[PDB]
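Here we start with a single chain on its own, the form deposited in one PDB entry, put down as structure tokens.
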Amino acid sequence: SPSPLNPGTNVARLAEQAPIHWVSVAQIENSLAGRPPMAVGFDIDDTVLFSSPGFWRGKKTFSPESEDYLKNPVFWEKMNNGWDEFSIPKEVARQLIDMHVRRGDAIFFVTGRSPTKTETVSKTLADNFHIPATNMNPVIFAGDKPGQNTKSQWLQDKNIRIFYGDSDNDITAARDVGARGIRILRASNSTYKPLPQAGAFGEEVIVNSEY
């Protein structure tokens, strides 16, 4: 802004598509048909949980004027031990997790959240997504360090073959280790802005995955 009051449009613009490799959960499942159980991984924030409520509360509580809350151990303790009660599970994640359970895959969560003394996020995820004990693995809190992709080594260590995530670093962590990185759309009401350019590495992007 400012911008024209009545900008109008045209049918070239209305029909215009970005060249993105869109996929569905069913297409992913089909692409894996006949493949034995393997390790797969999920990002948490804006991938399986709309957790902006806790991040928003955290900023207001711990650093209303800056971004310091993200490096505040007190914030992470709150975030990892109860504030996910307000996090809303994503339907795309329900469908993916169900599919990987059907396959007998081992399911990992690899998050940029900082590790804390205790955490109840693993419980929240297993409960909300109805993940059986055998498929479930305790959440890996990889942390966040500018200049380093903290997730890549975890994907290698756990032999993760597919990694789902909303951020560029989720996709490149997969690329770093030769895994299949698949993009989930970050919701437009997320407080984590700007939204990433889903498909910017030529990766598969799941349709309708903002909710």
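Only residues modelled in both forms are compared. A residue's number is simply how far along the shown sequence it sits, counting from 1. What we label the rigid core is the largest C-alpha set whose atoms superpose within 1.5 Å from one form to the other.
One more form of this protein exists, namely the form deposited in another entry; it is left out here, but the text below deals with it.
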Identity of the moved residue from 153, 159, 148, 31, C-alpha shift 2 angstroms or more, core fit between this form and the one not shown: 148
Sense of the change in Cα distance from residue 149 to residue 201 in the other entry - at least 3 Å versus the shown form: farther
Direction of C-alpha distance change in the other entry, residue 140 to residue 148 (at least 3 Å): closer
Where the chain shifts between this form and the one not shown once the rigid core is fitted, runs of at least 3 with Cα moving 2 Å or more: 143-150
